[PDB]
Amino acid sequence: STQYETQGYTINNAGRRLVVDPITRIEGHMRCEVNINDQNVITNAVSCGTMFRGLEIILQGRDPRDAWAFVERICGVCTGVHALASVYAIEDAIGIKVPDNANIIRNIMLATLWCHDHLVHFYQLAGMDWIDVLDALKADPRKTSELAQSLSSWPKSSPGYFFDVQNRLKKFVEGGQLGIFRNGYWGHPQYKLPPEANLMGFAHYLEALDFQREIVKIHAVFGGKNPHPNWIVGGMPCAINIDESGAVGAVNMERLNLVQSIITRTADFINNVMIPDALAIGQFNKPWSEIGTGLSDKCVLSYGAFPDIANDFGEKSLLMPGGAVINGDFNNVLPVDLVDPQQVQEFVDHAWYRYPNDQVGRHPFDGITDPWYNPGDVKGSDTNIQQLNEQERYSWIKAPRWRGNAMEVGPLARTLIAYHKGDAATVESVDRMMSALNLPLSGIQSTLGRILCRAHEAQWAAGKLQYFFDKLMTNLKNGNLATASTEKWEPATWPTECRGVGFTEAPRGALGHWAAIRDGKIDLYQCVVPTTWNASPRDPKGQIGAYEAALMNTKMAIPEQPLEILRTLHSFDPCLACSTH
């Protein structure tokens, strides 16, 4: 066993080792190991991505116009965001500017994704860590109706409805086929909702499972299908025709109407179901406002997103602010530059890759993806891992750092950055939220806080959806229909050698694609993805990433039942396929 100090933590791998493999209710494959002391407190945490596909290798030699379709398949959960980063990167490399409607439609695609993804995470992925589904069976339907009605104007709150939901659950479990509920953590002492709140939450789980399918109709209109809608270098392929012959072959008034109807329904669900549920989880679990802080009071990062001025990716254009905080100094939001070789770098000394020098970090324009499965001295063997060795290589995830600092990304990170840059909407929303919980602003810096910020962002994004739609309609009313710029579509028009960066804020955080084009083909294509940041392994200094930090110092009630580990991990919404690509 060893012990060392980093980022205010004491990393100590003495004591009992717990393994959680597989982590479920995430996308993709993750393993987590911890050590706990005699007081059942976590003293060491180990984040391991257990999958790899190699999109950065696959992309070599491809046509840059095709790249978006390949990288879109990095992930089906955050579907579309890699395509968006890709077209941005290729356009940045080649020197393409898209028309205003293409940019607006891209912003609609991303806001739609934020709504959908946040909603599904909240209910289907994280929800069962907070809601005890089996305890819903003990609730009183009337008291459930009263609770719901006290929290929201949402129509669907009758005692009869809650009784029907409850009976549906009762029927489901009656045959002993508990399905997704089998061998859960139900009854664990960390489940703190009253039975009525559990029945309300479970009903909402079902409503959200049904409703989420509607949100992505917006993707189907502009992008053909969801998952994995279509895009193009130069704008979007969804040509618009409102008032001319052949509008039946294009985005026309009836298609736009469909989009508007979804937007209103999406806002209504988020605002009257998800929001009050997030607040209710907060009210019954206030101690989790002090658990899982990790890096969120030290180092947080956002690239920024949603350029409102087409083709302008600066501060005056981005509706979701970018910036970096380090050393817990939230008075100094620092500017981020994705071309600067001293800013973003990835390390692989604790990852399954080769570098010429593994003690240094490589900026993505100098990135290397040369897989090397080398778990070294594990307890077990290289095809039968009992215990990873965190003193050596232990993940398929590379370790990004910003100016050498370990950062947290994602909804909490963005919320902190926007709050501290003085974004008025964000300040107001956060303040009102923490005031309703009677918690200080610091209470957001926590596992509970990550959940609250995710709900806040869903509401923000649903509002931005309407704003973008209104901008699109304003252009159409002015006769501005263009959706693609094609003067540089043909490879002969491109620079012989060029490179570009495409960045955005995906649901889970800061996303970047770095591309180099040479002789008409992809020469290099490196991705650094938000769960790569958060799920990062250690660096040459032993600095821990966001997940490992958030897990540190956590009390477990029952070591064999990793509910507290799942709560914290799930609060970051892990996307392991994204993390490894």
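A residue's number is simply how far along the shown sequence it sits, counting from 1. The term rigid core refers to the maximal set of C-alpha atoms that superpose within 1.5 Å between the two forms.
Core-fitted comparison in 5 other deposited structures of this protein shows that, between 215 to 223 and 374 to 382, the CA atoms farther from the shown form belong to 374 to 382. Taking 84 to 92 and 420 to 428 in turn, the stretch whose Cα atoms are more displaced from the shown form in 5 other deposited structures of this protein following rigid core superposition is 420 to 428. For the two regions 515 to 523 and 32 to 40, the entry's Cα B-factors average higher over 32 to 40. Here 272 to 280 and 169 to 177 are compared by their mean Cα B-factor, and 169 to 177 comes out higher. Of the candidates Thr426, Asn257, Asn226, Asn241, the deposited coordinates give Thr426 the top C-alpha B factor. The top Cα temperature factor in the record, among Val98, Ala111, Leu334, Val251, falls on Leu334. In this PDB entry, the Cα temperature factor of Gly61 sits in the middle third of its chain's modelled residues. Residue-level temperature factors show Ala492 in the highest third of its chain, judged at the C-alpha atom.
Per the PDB record, residue ranking by Cα B-factor puts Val46 in the middle third of the chain. In the PDB entry, a CA B factor belonging to the lowest third of its chain's modelled residues is recorded for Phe469. In the PDB entry, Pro341 places in the highest third of its chain by CA B-factor.
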